[PDB]
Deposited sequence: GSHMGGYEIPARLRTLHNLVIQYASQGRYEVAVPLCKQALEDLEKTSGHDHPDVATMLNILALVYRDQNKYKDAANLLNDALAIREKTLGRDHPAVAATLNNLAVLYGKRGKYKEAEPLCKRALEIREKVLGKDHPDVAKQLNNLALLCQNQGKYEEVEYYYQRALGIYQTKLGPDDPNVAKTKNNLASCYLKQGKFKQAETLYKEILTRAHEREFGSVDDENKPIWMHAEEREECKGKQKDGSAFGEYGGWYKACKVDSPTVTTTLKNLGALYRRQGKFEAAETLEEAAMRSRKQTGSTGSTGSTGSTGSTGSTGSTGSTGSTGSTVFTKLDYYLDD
């Protein structure tokens, strides 16, 4: 299991010249020890596929994921949570390529497995609901999208913390859902909430002598990587309202924090 934890670490740094031969050589060892149809082979195929996807090698990523899926269905079972993790990775892959119609049934199968096996309260259910809502909104099917978001948000803040990265990602996705629907005020409210929580976690509780960035922006007008896209998207919302001095305050903060709207959907892996 140690090796699985080592590759993700090398991949996170963007060391593809080291991460890819690590997976390949590990898969070479496993196929000589326990053959092709073994759970550890499917685990390594799954991680390498995600490494390929990050390198824009989608053809390769799809091939390994479909292979890992067939292995996991055989070696672990059709209703195993590891099958749902691979089904999700396939849905996310199709979703990232615009194949929302093809991605939706895979996402629904993964959700059904995770609800039945882990319970309707598990963080992995919130993961699938978030991805399902993302695949639905990009099709223009808004019917149950906001319901999935508020359901996933409840699970994430309860099981993990309200400061957990999955909470901010799901919130940014719901705010993108509001933008696609022309709900500019609700998107503004949600982006302000993310920035308030980020301000409270670092500089403390909000008062007169300690205000979040968006509060200082509105004063001037009167006279985590997710936060950068939150700062940019709220800045663009102010620009649309004709509030340019408020828009400048956020752009200044987005520049310092780094080193129409920003379309970046946060899909949650495995």
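Please give the gaps, as residue ranges numbered from 1 in the deposited sequence, where no C-alpha is present. Comparing the full sequence with the modelled residues, the uncovered ranges come out as 1-13, 237-259, 296-327.
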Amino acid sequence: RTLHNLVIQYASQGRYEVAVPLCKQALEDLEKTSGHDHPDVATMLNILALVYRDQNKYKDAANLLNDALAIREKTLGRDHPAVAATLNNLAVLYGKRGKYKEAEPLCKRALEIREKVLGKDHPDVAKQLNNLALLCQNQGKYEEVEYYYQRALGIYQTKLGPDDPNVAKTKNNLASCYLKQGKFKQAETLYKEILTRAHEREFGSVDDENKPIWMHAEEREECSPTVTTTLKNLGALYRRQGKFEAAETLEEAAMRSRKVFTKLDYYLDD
From here on, numbers count along this sequence of modelled residues.
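Tell me which of 72-80 and 94-102 has the higher mean C-alpha B-factor in the deposited entry. Going by the record's values, the stretch with the higher mean is 72-80.
Between 11-19 and 242-250, which has the larger average Cα B-factor in the PDB entry? Averaging CA B-factors over each stretch, the winner is 11-19.
Return the residue from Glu28, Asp67, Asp60, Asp54 that has the highest Cα B-factor in the entry. Most elevated C-alpha B-factor of the set, per the entry: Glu28.
Would you mind checking where the Cα B-factor of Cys223 ranks among the modelled residues of its chain, as the lowest, middle or highest third? Its C-alpha B-factor belongs to the highest third of this chain's values.
Looking at the temperature factor on the CA atom of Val206, which third of the chain's modelled residues does it land in? As the PDB entry reports it, the C-alpha B-factor of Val206 lands in the highest third of its chain.
Based on the deposited C-alpha B factors for this chain, I'd like to know if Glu188 is in the lowest, middle or highest third. Lowest third of the chain for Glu188's C-alpha B-factor.
Taking the chain's C-alpha temperature factors as the reference, tell me which third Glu200 falls into: lowest, middle or highest. It belongs to the highest third of the chain when residues are ordered by C-alpha B-factor.
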